[PDB]
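Q: Questions regarding the structure given below will be posed in turn.
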Amino acid sequence: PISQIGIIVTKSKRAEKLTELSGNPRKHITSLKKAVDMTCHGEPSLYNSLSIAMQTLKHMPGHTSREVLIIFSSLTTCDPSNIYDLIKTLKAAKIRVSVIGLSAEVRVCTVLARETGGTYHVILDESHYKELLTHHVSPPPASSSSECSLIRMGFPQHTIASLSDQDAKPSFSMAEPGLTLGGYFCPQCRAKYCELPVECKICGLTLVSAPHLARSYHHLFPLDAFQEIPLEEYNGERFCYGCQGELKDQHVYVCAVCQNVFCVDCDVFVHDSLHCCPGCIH
Amino acid sequence: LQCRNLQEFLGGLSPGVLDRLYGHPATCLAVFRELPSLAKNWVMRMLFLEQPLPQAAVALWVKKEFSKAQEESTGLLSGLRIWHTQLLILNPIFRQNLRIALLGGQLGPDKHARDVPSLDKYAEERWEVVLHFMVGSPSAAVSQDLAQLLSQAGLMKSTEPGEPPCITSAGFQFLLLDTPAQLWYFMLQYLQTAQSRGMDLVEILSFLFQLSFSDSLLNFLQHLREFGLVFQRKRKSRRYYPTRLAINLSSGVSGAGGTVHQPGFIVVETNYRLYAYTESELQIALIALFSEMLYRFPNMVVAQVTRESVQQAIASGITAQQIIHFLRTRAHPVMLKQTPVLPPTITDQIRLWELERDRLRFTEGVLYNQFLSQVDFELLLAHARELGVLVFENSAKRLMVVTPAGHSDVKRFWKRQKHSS
Amino acid sequence: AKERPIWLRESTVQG
Amino acid sequence: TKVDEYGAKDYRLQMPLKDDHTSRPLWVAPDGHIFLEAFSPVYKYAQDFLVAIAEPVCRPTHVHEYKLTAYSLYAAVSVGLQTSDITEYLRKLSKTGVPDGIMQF
Amino acid sequence: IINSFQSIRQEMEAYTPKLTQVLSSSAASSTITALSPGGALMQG
Amino acid sequence: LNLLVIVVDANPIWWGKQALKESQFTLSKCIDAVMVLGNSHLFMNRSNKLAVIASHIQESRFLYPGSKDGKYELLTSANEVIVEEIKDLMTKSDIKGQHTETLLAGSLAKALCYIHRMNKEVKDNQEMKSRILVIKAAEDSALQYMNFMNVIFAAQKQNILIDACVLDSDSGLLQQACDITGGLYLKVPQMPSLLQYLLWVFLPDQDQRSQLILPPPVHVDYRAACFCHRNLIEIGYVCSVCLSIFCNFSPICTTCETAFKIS
Ligand SMILES: [Zn+2]
Ligand SMILES: [Zn+2]
Ligand SMILES: [Zn+2]
Ligand SMILES: [Zn+2]
Ligand SMILES: [Zn+2]
């Protein structure tokens, strides 16, 4: 949640920022739905794509992980200058770059990724494409060259009118903005906001609710893998502890701490969605 | 008389029968689960309320949107007299029986425990032989009660005393309906003819609800066995097992899905040719009603849909809608891939053939001519319109025609008007 | 461009 | 010769249905007409074979129709197909065997 | 804790009581009126 | 299809105190109200399905996986199995003075994986809507916050509504769980009439909830506090590693002591 994303479209030797860094997926998704009708004409420019991104990401703070995801389609790409200088600049700028090539295993993308520390992958099939993007959703593992930093952050509280338009404070949202009956504030901006988390439009400080941070703590508490016991192994628990269902197949797992027994669907759902051992919570 | 749903029958119920019909064992469960998604909440809410509440509360508890659905559902439950305004207090019998229905409040030796597939197969078999008798089969299962039942159901008529009963306009339309809808109309007619013949609808209908989950009931139950809706190994057993069809009952195609969960078999070509991968002569008989059959194989039949066979079907009373539906609901898996499943040329041709059959619309009426003035003509026309007796009008030509029945009223009025002199 | 006309897109028969 | 109560000609007394008729995509009528499941997995081979041995009557999207004729049979012999060769492959393709009236024909 | 554990075990001596002994229209109406737009529980 | 899971805070300390207090409302009558809700929920539609879970300080237990009395076997058997399963939990339970906080996160976890199992076993021909009704009564624990947040986001991710029907203690995270998941939260003042709230407010499903008027959700105070003092503050300093709200700048974060640099 505290992250932000941006999108760039590159065609006819030009690179255009479809949407700047923001916390609103709906805005990006709205631009994507519109982009479905894009001209799809000309040749792209990796150099101009990266430089336009770098000219934006260079002004970013040091504590934030600056990154770029490249969906490369046409293996040919025009460039106005030697990409190696730009690559060296990306390393210096600490911008993590990872390329995804569709039907192509390109040299520049290979060196760009591995030299910058990122990864270059190629779409094997639709499942590989889904898997690769799913993998990129994970936060990047910190490199030995990466350093940590603190960040000042704002935790405002949503406020509403007392009762059905009484003791209200008429105002419009900062996001043709409509009137705001209730919304969050900022101790410095004192401007009311309808959607969180967002960066201050004035102070340049991130405003966020405490649950949004906890939504990331599973990364800090990686769940230990449950040992596999595909055979029945005389386990008297016919019913799977997680789903209270008789195990229909020779695939079973047991916890390393609470020693409870879970079927493959429970273990997958636990590791994929719940990220916690039900018995360990006890 | 195409009573396509329960709601029509529900309206055909008086308080003097509703109260008795509102029994604790099954009616409350059956009725409640059939009520709209909205009214079910309010009925459950007031199940513990002994004092009425104003309609404004129910109205304000619903948004401006969906208020029409709330009003409509209110109209149904008020039409069902489930509650009284007394100013929406539930009927004591309904509330009490609904309360008991939530918890309830009988056993013997084991049964043959016949397999559920076997029960549904002979049930389908029983329904099939009923349809084999319904169609023009040279030989089929018969029974005096079955025959008169289908006859009083308006499905068949005997042309000559002693000759086998033939199919009626409704019967042909009925034959093409899907099994659940087809069975529904039969159940409805049986119920109506039951009360007509003196069978207490209250008890048998409540029993139908129970099957979905006295001598009159025994007689009725015997017919249900003959319909294959219930299994009884021997007439002496006091216990019976409801078949899938009886369990489905008034659930309709919305419950557990439509009868489409069956292997498709009709293939329709752009040259009006049909290929139905079937051995069951009932399907052949139905196909023969509107298509010219050409060849028969052990597992398939070849036919062609011609003007002759279709216009003959339309003349008999069938509609292109039923034909298109009968094909679509039976369409073979292979043609399910194309969209639409049926070829547009075929569907359009069939529709166009029926629309040709009714190019001329015939309507009985009485025409008055030579109106001495446009004023009195328009005055009489306004009266005909006010009475809804008008059939057609052309004021520019100063003419109008009215229904023969309504004509007597304008005849009287015209004489009254003329007798003002 | 060059899309099919309405009379070739849908059934013109009233049904 | 044989007709049911309906106008369709019936051939139960003329030919049987083979054990794997579902895999076999063709039928042989005693009057010389032939049908072929255009959606069958072996349609390609059956189409070529029927174009070689029979006269096409209708070729709609799901089921083609052909009929045998002396001329079409001569054409089959004109490509070196023996009576046993066409019979053996026809029987193999036919899900309902080959009617003796057609075989002697 | 011990008293609550023992007292609740003896409280579990009666189960499946009568719905009409469990609830009453006075209690039910009080809830509905409280949830009515003018009631204590309906904020608007 | 509608799947309703009922979670009962059967904590013997609070319910025992209420029994010792001679409270009008009691766990038995509460379980009985839950029984009526479960029955009436299934009674509302053929496709409706349900599950019930009760929680204890030590663990949580599921209450749910002829026609002798003239009524349907499913309802009758559901009543009997629920009563027998709750009695087994109450009878087969240890006594411990050191542990009194009621378990909730583990109960929700089992429910969610159960719902997921059902979400796979259900035929794709029909869509299944699932909701969890939490009936809290006894005090929560700070240790449950992390684990409760995990299940809260999982439920939101998997589109499960968390409906809270609080009896006494109002957990700040519970009123957050419903809001995050879009479920409703209410605290009944008239515990003996709990069933009326269930049938009027909690009985309608999301589709019905949209087409209906219900009291607006209580305002949720999304408090934030530094992990050093646990004091409510508007500005906190987090780090891109520990992601923990600290009171003020430090060269090393006490939770990790990583080598931050002055700035
Ligand atoms: Zn600010
Ligand atoms: Zn499991
Ligand atoms: Zn584990
Ligand atoms: Zn730190
Ligand atoms: Zn401090």
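All Cβ positions, even for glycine, are placed from backbone atoms using ideal geometry, and neighbour counts span all protein chains on display. Every read-out reported here was derived from the displayed coordinates using simple, explicitly stated rules and does not represent laboratory data.
Q: Given Cα pairs under 8 Å that are at least 6 residues apart, what percent is the relative contact order of the range B:347-416?
A: Dividing the mean separation by the residue count of the range B:347-416 yields 33 percent.
Q: Over the protein assembly as shown, what is the percentage of antiparallel beta bridges among all DSSP beta bridges, to the nearest 5?
A: 65
Q: Please give the direction-averaged projected area of the C-alpha convex hull for the range B:181-323, in square nanometres with one decimal.
A: Seen from a random direction, the Cα hull of the range B:181-323 projects 11.5 nm² on average.
Q: Cα gyration tensor of chain A, axes a ≥ b ≥ c as square roots of the eigenvalues: rounded (a/c below 1.5), prolate (a/b > b/c) or oblate?
A: Verdict is oblate for chain A.
Q: Whole angstrom only: what separates the Cα centroid of the range B:347-404 from the Cα centroid of the range B:136-204?
A: Result: 37 Å between the Cα centres.
Q: What are the principal axis extents of the Cα atoms in chain D, in Å, biggest first?
A: Taking the Cα atoms of chain D, the three principal extents are 42, 30, 27 Å.
Q: Further question: How many partner chain Cβ atoms sit within 10 Å of a residue's Cβ in peptide F:150-159, on average, as a whole number?
A: That average works out to 5.
Q: Applying a 10 Å radius around every beta-carbon, put B:157-168, F:24-35 in order of their mean neighbour count, most first. Don't skip to the end; give the middle numbers.
A: Values: B:157-168: 11.8, F:24-35: 22.1.
For the peptides B:157-168, F:24-35, the packing ranking is F:24-35, B:157-168.
Q: If I take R0 = 45 Å and measure r between the Cβ atoms of A:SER127 and D:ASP19 in this structure, what FRET efficiency does the formula 1/(1 + (r/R0)^6) give, to the nearest 0.05?
A: Efficiency, rounded to the nearest 0.05: 0.65.
Q: Hey, another quick one. What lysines sit close enough to B:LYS411 to cross-link, taking a C-alpha to C-alpha distance under 23 Å and skipping anything fewer than 8 places away on the same chain?
A: Output for B:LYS411: B:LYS397.
Q: Considering the zone a paramagnetic label at F:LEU214 would reach in this model (a point 7 Å from Cα along the Cα-to-Cβ line), which residues of the range F:118-147 have amide N under 20 Å from it?
A: F:128-137
Q: Can I ask one more? Full-extension gain between F:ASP88 and F:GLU127, please, as 0.36 nm times their residue separation minus the C-alpha to C-alpha distance.
A: Between F:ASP88 and F:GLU127, full extension yields an extra 10.6 nm.
Q: Let me ask something else. What number, rounded to the nearest 500 deg cm²/dmol, is the helix-based mean residue ellipticity at 222 nm of chain A, given -39500 (n - 2.57) per DSSP H run of at least four residues and division by all its residues?
A: -7000 deg cm²/dmol
Q: Describe numerically, in nm with one decimal, the distance between label points set 7 Å from Cα along Cα→Cβ at A:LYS13 and at A:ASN235.
A: My value for the distance between the label points is 6.4 nm.
Q: Excluding residues fewer than 8 places away in the same chain, name every one of the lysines whose C-alpha is closer than 22 Å to that of F:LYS92.
A: Within the straight-line limit of under 22 Å, F:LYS92 reaches these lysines: F:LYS17, F:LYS29, F:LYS110, F:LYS136.
Q: So what are the radius of gyration and Dmax for the Cα set of the protein assembly as shown, in Å?
A: For the protein assembly as shown, the Cα radius of gyration and maximum Cα-Cα distance read 38.1, 117 Å.
Q: Restricting to Cα pairs below 8 Å that are 6+ residues apart, what does the relative contact order work out to for the range A:1-56? Please round to a whole percent.
A: 40
Q: Assuming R0 = 56 Å, what is the FRET efficiency of B:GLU124 and F:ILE95, from their Cβ-Cβ distance, to the nearest 0.05?
A: My answer for the efficiency is 0.40.
Q: Can you give me the distance in nm between label points at A:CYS78 and B:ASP178, each placed 7 Å from the Cα along the Cα-to-Cβ direction?
A: Once both label points are built, they end up 6.0 nm from each other.
Q: Still on this model: What nm value, rounded to one decimal, do you get for the distance between B:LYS397 and B:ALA170 when each label is placed 7 Å out toward the C-beta?
A: Roughly 3.7 nm, to one decimal.
Q: Rounded to the nearest 500, what is the 222 nm mean residue ellipticity of chain B from helices alone, with -39500 (n - 2.57) per DSSP H run of 4+ residues and division by all residues?
A: -15000 deg cm²/dmol
Q: For B:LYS418 and B:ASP215, FRET efficiency with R0 = 60 Å and r from the beta-carbon atoms, rounded to 0.05?
A: The value I calculate is 0.40.
Q: Along the Cα-to-Cβ line of F:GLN158, 7 Å from the Cα, sits a label point; which residues in the range A:246-275 have backbone N less than 15 Å from it?
A: Backbone N within reach: A:262-275.
Q: Which parts of the range B:146-176 would a label at B:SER196 reach, counting a residue when its backbone N lies under 15 Å from a point 7 Å out along Cα-to-Cβ?
A: Counting only backbone N, you get B:146-158, B:168, B:170-171.
Q: What number, rounded to the nearest 500 deg cm²/dmol, is the helix-based mean residue ellipticity at 222 nm of chain F, given -39500 (n - 2.57) per DSSP H run of at least four residues and division by all its residues?
A: Calculated from helices alone, the mean residue ellipticity at 222 nm is -11500 deg cm²/dmol.
Q: My understanding is that a pair violates if its Cα-Cα distance is over 26 Å; which of A:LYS33/A:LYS91; A:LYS34/F:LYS123; A:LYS169/B:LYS68; A:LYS248/B:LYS121; D:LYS44/D:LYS92 do that in this structure?
A: Listed pairs above 26 Å: A:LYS33/A:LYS91; A:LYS34/F:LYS123; A:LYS169/B:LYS68; A:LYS248/B:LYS121.
Q: Right, here's the next one. In peptide F:209-218, how many Cβ atoms from other protein chains are near each Cβ within 10 Å, on average?
A: The shielding value for this peptide is 4.
Q: Highest mean first, how do B:315-327, B:280-292, F:248-260, A:50-62 rank when packing is the count of other Cβ atoms within 10 Å averaged over residues?
A: Ranked from most to least packed, the peptides come out as B:280-292, B:315-327, A:50-62, F:248-260.
Q: With all pairs of different alpha carbon atoms counted, what Kirkwood hydrodynamic radius in Å does the range F:136-263 show?
A: About 17.2 Å, per the Kirkwood formula over Cα pairs.
Q: How much of the DSSP bridge set in the range F:1-204 is antiparallel, in percent, rounded to the nearest 5?
A: If I count the DSSP bridges inside the range F:1-204, around 15 percent turn out antiparallel.
Q: Here's something else I'd like to know. Hey, what do the phi angles of the range B:130-147 turn into as Karplus ³J(HN,Hα) couplings, whole Hz, using 6.51/-1.76/1.60 and θ = phi - 60°, x for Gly and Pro?
A: Computed from phi, the couplings for the range B:130-147 are 4, 6, 4, 6, 4, 6, x, 5, x, 8, 6, 5, 9, 6, 3, 6, 4, 4 Hz.
Q: Beta carbons within 10 angstrom, averaged per residue: use that to sort the peptides D:64-73, A:133-142, highest first.
A: Highest mean packing first, the order is D:64-73, A:133-142.
Q: Let me ask another. Quick check for me: using +1 on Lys/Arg Cβ and -1 on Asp/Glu Cβ, what's the dipole size of the range A:22-77 about its Cα centre, in debye to the nearest 20?
A: In total the dipole reaches around 280 debye.
Q: Sequence-distant or interchain residues sharing an amide H contact under 5 Å with B:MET293, placed H: which?
A: B:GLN304, D:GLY7, D:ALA8
Q: Does chain F come out rounded, prolate or oblate by the C-alpha gyration tensor, with a ≥ b ≥ c the root eigenvalues, rounded set by a/c under 1.5 and, if not, prolate when a/b is larger than b/c and oblate if not?
A: prolate
Q: For chain E, divide the Cα radius of gyration by the Kirkwood radius and give the resulting Rg/Rh value with two decimals.
A: Working: Rg = 16.8 Å, Rh = 13.3 Å.
Rg/Rh: 1.26.
Q: Where a ≥ b ≥ c are the square roots of the eigenvalues of the C-alpha gyration tensor, would you call chain B rounded, which needs a/c under 1.5, or, failing that, prolate if a/b is larger than b/c, or oblate?
A: Oblate is the answer for chain B, as a/c is 1.5 or above yet b/c matches or exceeds a/b.
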